[PDB]
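[1] enclosed are the sequence and the experimentally obtained structure.
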Amino acid sequence: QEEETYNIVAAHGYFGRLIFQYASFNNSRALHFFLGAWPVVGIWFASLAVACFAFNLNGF
Amino acid sequence: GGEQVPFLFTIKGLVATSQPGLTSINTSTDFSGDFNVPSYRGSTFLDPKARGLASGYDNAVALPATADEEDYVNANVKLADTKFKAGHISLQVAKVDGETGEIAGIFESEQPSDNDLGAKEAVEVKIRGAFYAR
Amino acid sequence: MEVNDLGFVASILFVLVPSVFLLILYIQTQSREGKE
Amino acid sequence: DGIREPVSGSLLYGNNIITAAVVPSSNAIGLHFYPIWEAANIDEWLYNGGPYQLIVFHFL
Amino acid sequence: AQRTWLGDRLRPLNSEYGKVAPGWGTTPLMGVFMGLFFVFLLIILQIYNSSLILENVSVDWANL
Amino acid sequence: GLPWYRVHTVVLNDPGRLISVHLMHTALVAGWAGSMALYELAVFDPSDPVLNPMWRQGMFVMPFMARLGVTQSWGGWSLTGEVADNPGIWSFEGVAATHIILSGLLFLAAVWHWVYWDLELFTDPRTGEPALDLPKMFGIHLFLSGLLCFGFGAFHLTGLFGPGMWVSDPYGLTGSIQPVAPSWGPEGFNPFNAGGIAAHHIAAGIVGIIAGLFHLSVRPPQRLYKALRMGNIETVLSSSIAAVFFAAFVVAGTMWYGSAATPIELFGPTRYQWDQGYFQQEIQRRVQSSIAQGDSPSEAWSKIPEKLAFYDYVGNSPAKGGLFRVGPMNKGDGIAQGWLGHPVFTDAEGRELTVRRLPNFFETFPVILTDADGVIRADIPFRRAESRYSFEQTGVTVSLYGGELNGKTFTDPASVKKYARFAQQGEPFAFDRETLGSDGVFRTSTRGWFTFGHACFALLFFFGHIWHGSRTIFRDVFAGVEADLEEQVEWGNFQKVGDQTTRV
Amino acid sequence: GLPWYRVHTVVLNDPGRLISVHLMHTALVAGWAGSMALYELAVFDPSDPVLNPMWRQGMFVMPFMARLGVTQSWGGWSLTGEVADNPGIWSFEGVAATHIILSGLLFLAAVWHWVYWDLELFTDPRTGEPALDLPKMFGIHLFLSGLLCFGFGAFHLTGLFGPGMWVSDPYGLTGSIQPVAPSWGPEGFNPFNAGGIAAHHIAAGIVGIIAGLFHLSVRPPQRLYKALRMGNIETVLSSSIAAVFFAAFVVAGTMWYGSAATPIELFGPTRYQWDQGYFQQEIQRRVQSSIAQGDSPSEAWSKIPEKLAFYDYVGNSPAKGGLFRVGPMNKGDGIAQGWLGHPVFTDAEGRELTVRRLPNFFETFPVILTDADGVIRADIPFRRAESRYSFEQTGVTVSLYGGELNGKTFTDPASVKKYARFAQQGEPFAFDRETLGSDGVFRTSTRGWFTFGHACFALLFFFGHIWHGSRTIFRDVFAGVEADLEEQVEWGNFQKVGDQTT
Amino acid sequence: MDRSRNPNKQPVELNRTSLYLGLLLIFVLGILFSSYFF
Ligand code: CLA
Ligand code: CLA
Ligand code: CLA
Ligand code: CLA
Ligand code: CLA
Ligand code: CLA
Ligand SMILES: CC(C)=CCC/C(C)=C/CC/C(C)=C\CC/C(C)=C/CC/C(C)=C/CC/C(C)=C\CC/C(C)=C\CC/C(C)=C/CC/C(C)=C/CC1=CC(=O)C(C)=C(C)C1=O
Ligand SMILES: CC1=C(/C=C/C(C)=C/C=C/C(C)=C/C=C/C=C(C)/C=C/C=C(C)/C=C/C2=C(C)CCCC2(C)C)C(C)(C)CCC1
Ligand SMILES: CC1=C(/C=C/C(C)=C/C=C/C(C)=C/C=C/C=C(C)/C=C/C=C(C)/C=C/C2=C(C)CCCC2(C)C)C(C)(C)CCC1
Ligand SMILES: CC1=C(\C=C/C(C)=C/C=C/C(C)=C/C=C/C=C(C)/C=C/C=C(C)/C=C/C2=C(C)CCCC2(C)C)C(C)(C)CCC1
């Protein structure tokens, strides 16, 4: 359907009233990028951890 | 054919080789035959997967703490055996002076710190020797 | 006391899997009766 | 059998539902009315043919 | 009705559905061939019962 | 709707998914034969084919793939014992491996016809209702089966492009695979000659060819087409299970009595080896060939193999075993260890005497010991008040000749009671009733379980033949009768019964 | 309709069958307690209560009926060893039997309210909709529970019309049934004194009486009735589950640490008997009391009972046992046969030395042998290349004092390795690992399985308390929110959030 | 090559009282044959 199942304007100021009002995510397309950023940029550090472990460059 | 994996050991530990009656030298005909002594599989450190050896290494049990000293496979003793083996000669060149020819080795099998009794294996191949002298 | 070691597998599938076959087929009729 | 030999017919004593029984009353009582109260104890009742006559005169 | 490449090679095989020979058909040609089968099965039943025992048969072991 | 026992009648009208409803059934049986034989290979013990052979391990399906020319099983062990092995694709797994993927490729084709129906093939051109011609199709089903038997007769059993079936000697010792010659005479009609089974499917296949070559060309008569109701799809369903339970009676028979298509090395002895003592006619023959030949008893009873002694045991005869004593024959005895010879019983006087007892339909035969003509000389006294033929007053000795425990006599009468019951079961055998948890009471072989499961099922397929044979003739009346019909049933309907075209 | 997880919401409106839907649940739990304890009586082995006691047989429910005064088992084998006569009606076969027939009489009453609803009791007179008063009914539920605790305090635990609870000595030897006196002081607040548990339900019952006598007479305030949403059935359910979780934490606690309501003879030692060596403080005390009398240790270590030696075993401590090593403790060891004494280790010089090792959260402790102050004198060498403290170079002997195998020394160092590992598990014990098919690795007692199954379930009942506590406060919004509400959520708009008057 | 909708598949009508006959029949075969599986 073309209409949304939920309102982003009520979900904004809930989380704006839970934490800082300035530190919520007002627009959903900036929200979903950070949803798609944080494990994705995270795990190829851990994948690059074992890949830099591979040449015996280890943890301290 | 029979789905075991016996660990064969081609050992040459102290052959003391007798020989038939009076030879000038080998004539690509004479028969060398005796035995060596064979070694083991567990050379005093080969643990099984519950760390079960004699020579150090956690006597006779780890995890069943109350059925502990009842099992039977923890006597892990080494041996200094003697058997039969034969080795022939067939080619025996003159200038580089290397002599070769067949062999027939009959050994004992593995005793994996003394579980099983040994099997018997007739291993037969060419010797590939090389001789020089004073 | 001796036992066959596998009858309790055998006589728990002998009783259930035709009865839950039969218990499947009664519920469907009830829905049909409802007309839903 | 009326001598000594306590023949088992109950499912707790190792016997199947084909082999189980109420295992009827003793030969030593004969045709005596042997209720639960003319027994000196219920262990004397159940060893000597007690619960067969309870499921005969009640059943008939 | 879904015409496939399979269906264009077997529609002449299943073309006729009830097409049936009149007159009498082949029932006397069926009966003279299959009364011999019942007496063929009468041979096989008592070869194996050993009741029409010929020579060099010996329905038994010592066979090959 | 419909009741639960008439569920499959949705497929009775349209033959679009009727191909699909066999094809998951065909995937279920092909996905049984691989799925069982791969389990059947998980418990084999190939270390001793002479002492516990493959029918001793309760093994239903690995004679049936084995008795056509397959042996190798990627383990260095072959039933034949023929060496220089290198299986490749046709080992035991490789037939059992293939039936998995075939049933997978059967199941993927089984789901195809369920979603796709009316593929321009199932309807007549006269109107669009789904209806298929059965007698023209019988000429093209059987012509393929006529080709395939003629392939199975000449091109598989005779060495032309294939290995032969299993064939042994009588008193089965050296049973291996070799291509058998099709013997065409009357000698191929006794089922113990394997030359008939090669001459079978050539001769039955060539008349299977000349049936289906004829059956495509002609049409059935209308005095049969309205009589046998040949347009109906259930009229193939009756009178094909008539040809299945007729066909299931013969392999209930020819497995049980025995044939060349049911040899001893992969089915066991066949229960009539005690009613004449068939194997006991041989080991007794060879020692008297060796006896007078120039060899004493003790030294003789040793060129007998233990395979001949293993077929002279009650515990390999397939009569014993019950319906619910479940499992292999090795749960009955354990693993056969050694022969320990043949008992010979002597008294204080000689007077040699023997035990030849325990027939098959007993369970507990009382031990008797008798002489050559039949007068009893010893028994086991059940009541020792008035004994006159007991072991102890007679003083019977045991000579145990040959085998593992050769030359060991027994003069103590407490130990003679053990070997007397062992002499009841032909020749004794050493066992180990602790490695498999074997209890001690008898089981039956794969020859026993086949004929139970192919004659009880053949009884059940007779009832479906009456039931489907009713519903084909009586299709119109099947949802009840027309209301009154009182003039058809009352006496005086000229003259033939049930006639409307008459005086009535 | 409804999804599968909201099936029971049909009963949420009408309370006609809500009595019936507890009553088959009440028949299912009462028809478990008889149905389990009758199975639990089928495997007991009453031939030796001192060597394999009743918690050794993996027996969950027959401490709990047993620890209130019932020991007559019908076979004449009294639990306490003093079964004087025919017990009478109240033996385990009896109490177990009743719970069958009671659950049958619960189930026949459970089917009655399902077919019969609207029995003029579930509706208000103001309109005909089914609705029941909860706070007036809480005053009549709790007044019955206030009567029943005051019955349980004085009229059952104190000998007035009933036998007392189980009470033992410390270092549990002569634990039997006698009526305990309700001690009212501060001494009844430590849970090891059983005089508080009799003084419990008198004092909690009398304030349970004065609660429900008060709670019938008054009404809740409207600043609470709209706040706690007390007209709703769900809110009460949420409160009850939350309260229950709190009640399941304490018997997760007081079973595990131990109390007078959890004695040793029907629950085992309580896992803190190795972290201080509680039982090893006693058998060591009594032999040094015996040599203070002046006895030799060969014919001392014999007035110790084997019951004190059985509590000084690793294999009765409830720490060991795993999650999926399933079955009784007798599948771990077999049947306890005999003590075979206490090992005393001497070297070639004396230099006495001991083994006091294997704490609870290990599995394979390496065997060390040490002196009085802590310097190691012997061990088991894992690598015999550079050994300097091995058994063979030191030449350790074993003095096995008391018990079954008293006076039998061992000077061969192949056999000292067996008794050194036996000395790790306190005192050794003879077994038979063939009669029950016992494998040889440890299991845990009924004290171990209770606190696993009452703290994991109490975690799960915390989530239902959040879930039912949400749905009571948030009943109106539960099928989604009203559509826009953008003026309520945008800031600065007057004044305080959720106010419509700015 | 293209799907359609079946003009077929009548549903099933197992009654309430016919459930009781089938549930009892399996349970007498349960109490008959369970001894023989042991
Ligand atoms: C070649 C075999 C064969 C085939 C294809 C059919 C086909 C049919 N039979 Mg039929 N039948 C057969 C053999 C066969 N029969 C035999 C051997 C008997 C005698 C026992 C019967 C007795 C019989 C009766 C009495 C009736 C039918 C009916 C029917 C029709 C519907 C079946 C249905 O919905 O049941 C669906 C079945 C079930 C939902 C479950 C039944 C429970 C069974 C026992 C489970 C089977 C166990 C196991 C899974 C199978 C393994 C055994 C197998 C290896 C043989 C269908 C045309 C019905 C009819 O008239 O319709 C036209 C009917 O009333 N059959
Ligand atoms: C006809 C086919 C056939 C044959 C002869 C056998 C025979 C055998 N199988 Mg086998 N099997 C079969 C089919 C067959 N199986 C099928 C289809 C499967 C897959 C489920 C298996 C799976 C299987 C396994 C997994 C194993 C065997 C094993 C064995 C052997 C041990 C004996 C035994 O279990 O008998 C036991 C027979 C019975 C107890 C008789 C059952 C009688 C039924 C229950 C009667 C049913 C009555 C019915 C409920 C009433 C109708 C109701 C009424 C209202 C109409 C024996 C050689 C064992 C073996 O040796 O393998 C190493 C083994 O481990 N089988
Ligand atoms: C109680 C037994 C019985 C009954 C009631 C039926 C009933 C029926 N069968 Mg049937 N049938 C049976 C047994 C039976 N069959 C047996 C044992 C077989 C062999 C497997 C068959 C094979 C069979 C086929 C192939 C067909 C039928 C058909 C039919 C139906 C039509 C009637 C017909 O033509 O009969 C058939 C008549 C007989 C079976 C009688 C045979 C009597 C023979 C000729 C006498 C031989 C005597 C001989 C001298 C002695 C030799 C034996 C000796 C060594 C002992 C009807 C439902 C037809 C059908 O399905 O309908 C569409 C059909 O096509 N039947
Ligand atoms: C005092 C206990 C108690 C009671 C009476 C209820 C009552 C209710 N809960 Mg609830 N709940 C509870 C505890 C309780 N809850 C706990 C402890 C949790 C946390 C795990 C939850 C989590 C929960 C959720 C998440 C939801 C409910 C819902 C519901 C309602 C409908 C239930 C339904 O249809 O499920 C029917 C259940 C099934 C058809 C099968 C579920 C499969 C389970 C796992 C099988 C249970 C195993 C075994 C049989 C039980 C033994 C364990 C037992 C001894 C504890 C109902 C008012 C639903 C709701 O909001 O409706 C208003 C809902 O969505 N509950
Ligand atoms: C909390 C109650 C309680 C307590 C503590 C115990 C404890 C015990 N029982 Mg017992 N039992 C109970 C309830 C309980 N039972 C119930 C309700 C029944 C009836 C079904 C039984 C029936 C029973 C029998 C028949 C026997 C015992 C026995 C035993 C003892 C052996 C140890 C054992 O089996 O643990 C084993 C424990 C486990 C293997 C843990 C199970 C963990 C489950 C499967 C986790 C579930 C996770 C779940 C599927 C995931 C959720 C999905 C997710 C998406 C949400 C032990 C003392 C035995 C004994 O000694 O008696 C003589 C015995 O024979 N019990
Ligand atoms: C994460 C924990 C958590 C959360 C989110 C909730 C949420 C809720 N509870 Mg709840 N509850 C909890 C834990 C929690 N509970 C615990 C642990 C208990 C004890 C078993 C309860 C007992 C309880 C009851 C009895 C009731 C609720 C109710 C409610 C609901 C209304 C809000 C309310 O009054 O809160 C209650 C407030 C608290 C639980 C906060 C307690 C904080 C205390 C007062 C501070 C004490 C600090 C102290 C100095 C330190 C002592 C401890 C020290 C020894 C370490 C709401 C759904 C009510 C309800 O069901 O709604 C209708 C209701 O009647 N709760
Ligand atoms: C003594 C008494 C009585 C005192 C009371 C009276 C009194 C005097 C009070 C004054 C005291 C007072 C006010 C405060 C003192 C206490 C104090 C300083 C407490 C602070 C403690 C502390 C460390 C707080 C910080 C921790 C905290 C709350 C948050 C951490 C924030 C952080 C770094 C990261 C959070 C992660 C993050 C950015 C999440 C957002 C990302 C995300 C995926 C959002 C999802 C999301 C966002 C949307 O935007 C919308 C739209 C939708 C759809 C949506 O999915
Ligand atoms: C997808 C696919 C696949 C797969 C396949 C598979 C895997 C299959 C399976 C198959 C199978 C898995 C088969 C099997 C089956 C089985 C069966 C089918 C059985 C049955 C049974 C029965 C029938 C029985 C009966 C009975 C009983 C119950 C008991 C006894 C008696 C009687 C007989 C009655 C592959 C990848 C390859 C390829 C692609 C496709
Ligand atoms: C009718 C009647 C009767 C009867 C009754 C009865 C008989 C009842 C029964 C009862 C019963 C019979 C009871 C029991 C029950 C049981 C139960 C109820 C169980 C349950 C279980 C559970 C719940 C479990 C769960 C689980 C699992 C699964 C495993 C482990 C874990 C858990 C826990 C999770 C009488 C005659 C008397 C009288 C009249 C009436
Ligand atoms: C294809 C398809 C189809 C059909 C489907 C169906 C419906 C199927 C069925 C299927 C079936 C119907 C299957 C069955 C199978 C069988 C089984 C699954 C069984 C198994 C069993 C067993 C194995 C048993 C038992 C046992 C045990 C386990 C233990 C004891 C021993 C014995 C062996 C007895 C259609 C076309 C529609 C379409 C879609 C797809």
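    Here it is on my side, so go on. Numbering: from 1, shown residues only, chains lettered A, B, ... in the order given. Ligands and ions are numbered 1, 2, ... in the order given.

[2] for the rest of this, base every contact and every neighbour count on C-alpha atoms.
    Will do.

[3] residue B:9 versus residue B:122, what's the distance?
    Distance, residue B:122 to residue B:9, by CA to CA, to the nearest Å: 11 Å.

[4] among those two, which residue is more densely surrounded?
    Neighbours were counted for residue B:122 and for residue B:9 using other CA atoms under 10 Å in any protein chain shown; residue B:9 has more, 16 against 13.

[5] check which helix or strand covers the more buried one.
    Residue B:9 belongs to no helix or strand when assigned by DSSP states H and E.

[6] could you do residue B:76 as well?
    Short version, using DSSP H and E: residue B:76 is in no helix or strand.

[7] who's in contact with the residue nearest to residue F:396 when sequence neighbours are not counted?
    Computed as CA to CA, 6 or more residues apart in numbering or on different chains, the closest residue to residue F:396 that is not its neighbour in sequence is residue F:347, at 4.3 Å. By CA atoms under 8 Å, 6 or more residues apart in numbering or on different chains, the contact list for residue F:347 reads F:353, F:394-397.

[8] so which of the residues you listed are in helices?
    If you go by DSSP state H, the contacts of residue F:347 have residue F:394 in helices.

[9] from the contacts of residue F:347, which is closest to residue B:85?
    Within these, proximity to residue B:85 (CA to CA) peaks at residue F:397, which comes in at 49.5 Å.

[10] which residues touch that closest one?
    F:345-348, F:409-413, F:416.

[11] can you give me the distance of the nearest residue to residue H:1 once chain neighbours are set aside to residue F:433?
    Nearest residue to residue H:1, sequence neighbours excluded (CA to CA, 6+ apart): residue E:2, at 7.0 Å. Note on residue E:2: its distance to residue F:433, by CA to CA, is 65 Å.

[12] let me know how buried residue 56 is, in neighbour terms.
    Using chain A here. 9.

[13] hmm, no, I was thinking of chain F.
    Residue F:56: 29 neighbours (other CA under 10 Å).

[14] surely it touches residue F:445?
    Yes - taking CA atoms under 8 Å as the definition, residue F:56 is a contact partner of residue F:445 at 6.5 Å.

[15] joint contacts of the two?
    Common neighbours of residue F:56 and residue F:445 (CA under 8 Å, 6+ apart) are F:268, F:316, F:328-329.

[16] widest-spaced pair of those?
    Pairwise over the shared contacts of residue F:56 and residue F:445, using CA to CA, the maximum falls at F:268 and F:328, 12.9 Å.

[17] mind checking which of the two has more residues around it?
    residue F:268 (25 against 21).

[18] secondary structure class for the more buried one?
    coil (DSSP: H, G, I helix; E, B strand; the rest coil).

[19] ok, it - contacts?
    Neighbours of residue F:268 in contact, by CA under 8 Å, 6+ apart: F:55-56, F:311, F:316-318, F:445-447.

[20] who's in contact with the closest residue to ligand 2 within chain C?
    Per CA to the nearest ligand atom, residue C:14 is where chain C lies closest to ligand 2, at 7.9 Å. Going by CA under 8 Å, 6+ apart, residue C:14 touches residue H:30.

[21] that one: which element?
    helix C:7-16.

[22] next, the angle helix C:7-16 makes with whichever helix or strand comes after that helix.
    Sequence-wise, the next helix or strand downstream of helix C:7-16 (DSSP H and E) is helix C:19-34. Helix C:19-34 runs at 20 degrees relative to helix C:7-16, counting by axes from the mean of the first three to the mean of the last three CA atoms, to 10 degrees.

[23] what about the residue nearest to residue F:396, distance to residue F:54?
    Residue F:347 is 40 Å from residue F:54, by CA to CA.

[24] now residue F:87
    19 Å.

[25] could you do residue F:7 as well?
    Taken as CA to CA, the span from residue F:7 to residue F:54 is 42 Å.

[26] compare these two (neighbour count), which wins?
    Neighbour count, other CA under 10 Å: between residue F:7 and residue F:54, residue F:54 has more, with 24 against 14.

[27] now for residue 58: which residues touch it?
    This is for chain A. Per CA under 8 Å, 6+ apart, neighbours of residue A:58: residue A:52.

[28] sorry, should have said chain E
    So residue E:58 contacts residue F:190 (CA under 8 Å, 6+ apart).

[29] enumerate the residues of chain D near chain H.
    D:16-18 (CA under 8 Å from any CA of the partner chain).

[30] quick one: the strands in chain E?
    For chain E, applying DSSP state E gives no strands.

[31] remind me, longest helix of it?
    Chain E, longest helix under DSSP H: helix E:27-47.

[32] list the buried residues in it.
    E:44, E:47 (16 or more other CA atoms under 10 Å in any protein chain shown).

[33] look up the closest residue to whichever residue of chain E sits closest to chain B, ignoring the ones flanking it.
    Using CA to the nearest CA, the single residue of chain E nearest to chain B is residue E:64, 30.5 Å away. The shortest distance from residue E:64 to any non-neighbouring residue, by CA to CA, 6+ apart, is to residue F:193 (5.1 Å).

[34] return the residues in contact with that neighbour.
    E:63-64, F:187, F:259-260.

[35] weed out the non-buried ones from those residues.
    E:63, F:187, F:259-260.

[36] now render those residues as CSV, adding secondary structure and distance to chain C.
    Putting the buried ones among the contacts of residue F:193 into CSV (DSSP: H, G, I helix; E, B strand; the rest coil; distance: CA to the nearest CA, whole Å) gives the following:
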residue, secondary structure, distance to chain C
E:63, coil, 42
F:187, helix, 48
F:259, strand, 35
F:260, coil, 37
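
[37] between these, which is nearest chain D?
    Distances from chain D to the buried ones among the contacts of residue F:193, taken by CA to the nearest CA, are shortest for residue F:259, at 40.3 Å.

[38] who are the contact partners of that closest one?
    Here residue F:259 is in contact with F:191-193 (CA under 8 Å, 6+ apart).

[39] name the nearest residue to the residue of chain B found nearest ligand 7, sequence neighbours excluded.
    Closest contact between chain B and ligand 7, by CA to the nearest ligand atom, is at residue B:63 (46.6 Å). What sits nearest to residue B:63 in space, not counting adjacent residues and going by CA to CA, 6+ apart, is residue G:364, at 6.7 Å.
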